[PDB]
């Protein structure tokens, strides 16, 4: 079929919300009517192209589904399906392919409503971004403000436990049940002794989470951070970033699976911030994926002043 953006016009475009916190499940929606201004055929299509600051999938990962996100059928004003839809993750583009519906009609009107999320990689810091959206080769301009809850959290003491994490990818479609999670260890970059980090696949009750953390279910990569001021607030973290120095190999014997659904990591005496990239799995119970990361340590000088800090995450499976 042929690209018919030049025959499709979108109108009364709306963004539901233009300020939100993607670290507390903030998101938005775009809505629009569209009308087909000329004869189009079944299999012809128009597109919507998202800007740097947005994604159509958010924290749902489609890398195990050909990197393509299924989208609910587009309806005509009369309630029937006018087009099949998919969202391409790489090009951040929705493709709406007209069905046989259009073969017998003129004056075709429809409408769509689509959730929108931050792009944690391209909008890694809190602030205001352009969010200009291209529908059927027309711009609909917007500004978006992300107030990311800060990943920099912990006990308010110069020697206190401090750590946070965020689940930034859950594969809900393929059946493989994978997830991606970024953990910042010591984001305050304090001087800490006998530091231990625990990555749990549950929070308080093990049977209330689909999380599955074990030596066969979980892979960890650990990075020493060079310049902490370049770390994201979105929790996005590129393992090939030169501001990170991988030290996974040096941890081959500092990682233990001593308890059910928990990875224990022996950081020891540290003076740096670390990034722990987690690749996990969750089970088939239908339960929410709840996680909890815990850091405990002492004062590196006196070995006293013990502190512990914990951080919860939760995404639906």
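Positions refer to the first chain, counted from 1.
Between the stretches 50-58 and 278-286, it is 278-286 that shows the larger average CA temperature factor. Mean CA temperature factor is higher for 101-109 when stretches 229-237 and 101-109 are set side by side in the entry. Per the deposited record, 157 carries the highest C-alpha B-factor of all listed residues (92, 122, 157, 221).
Of the residues listed, 185, 116, 144, 247, the entry assigns the biggest Cα temperature factor to 144.
Residue-level temperature factors show residue 173 in the middle third of its chain, judged at the C-alpha atom. Sort the modelled residues of the chain by CA B factor and residue 11 lands in the highest third.
Among the modelled residues of its chain, residue 30 has a C-alpha B-factor that falls in the middle third, as given in the PDB entry. In this PDB entry, residue 192 carries a Cα temperature factor that places it within the middle third of its chain's modelled residues. Sorting the modelled residues of the chain by their CA temperature factor places residue 255 in the highest third.
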